[PDB]
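Next up: just one chain, as structure tokens, the form deposited in one PDB entry.
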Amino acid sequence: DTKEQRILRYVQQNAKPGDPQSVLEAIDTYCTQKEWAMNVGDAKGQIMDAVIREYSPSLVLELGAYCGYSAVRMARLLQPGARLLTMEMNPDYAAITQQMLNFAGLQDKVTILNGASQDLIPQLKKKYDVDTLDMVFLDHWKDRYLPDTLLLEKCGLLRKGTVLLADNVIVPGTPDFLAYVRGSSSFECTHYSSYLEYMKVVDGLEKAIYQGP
């Protein structure tokens, strides 16, 4: 089997069904003790939690679900009725993410879409009945952060106050995105320094709040 299958199985056998916190703890334990994986992790996860709680977004888009760690993290803190859409281009990972959400009991709050974000973003308004997004979590291929941000704007999915939160702006880094948002009058940016998941290596999140045209 794959690392991702092994992570899912560990959760199923070491967490309590319907208990998202136990799911996060199980993944963190597995990835610290057994096999590293590119989940956002606890250090950066705590920063994400603080941001989610500050904004209480009604509609969140995540780019890059992977195994669903961040989707569980965010969805567990959403208010009743609030929703998460998460995109994952790898079908095997999309299936892991669905099963992870199912186990966590969060499947009614989250929709996991299998496809490249550049292909799905233009369908959000008509197919998924989206008006604008309250928050976007970027965690997919690092060279897609900038083009997909520009695509979100083109498609009319950003509003004044839409919070972009980007993982991995130090490692692996996303230099074009980071330069762009920090240099743009349409974004107000804040850097949250942290650590790479499960590693004593500096990383960070960037929050970029959209200001309109």
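One-based numbering along the sequence shown. Note that the rigid core is defined as the largest set of C-alphas that superpose within 1.5 Å between two forms.
Missing here is the form deposited in another entry; even so, the following discussion is about that form.
**Q** Tell me, with the core superposed, which single residue in 146, 155, 37, 47 has its C-alpha moved by at least 2 Å between this form and the one not shown.
**A** Once the cores are aligned, the residue moving by 2 Å or more is 37.
**Q** Establish whether a shift of 2 Å or more occurs at the C-alpha of residue 196 between this form and the one not shown, with the two forms superposed on the rigid core.
**A** Shift at residue 196: 2 Å or more after core fit.
**Q** Taking the shown form as reference, are the C-alpha positions of residue 40 and residue 28 brought closer or pushed farther apart in that other deposited form, with a change of 3 Å or more?
**A** So the answer is closer.
**Q** With a change of at least 3 Å, which way does the C-alpha separation between residue 39 and residue 98 go in that other deposited form: closer or farther?
**A** Their C-alpha distance grows by at least 3 Å in that other deposited form.
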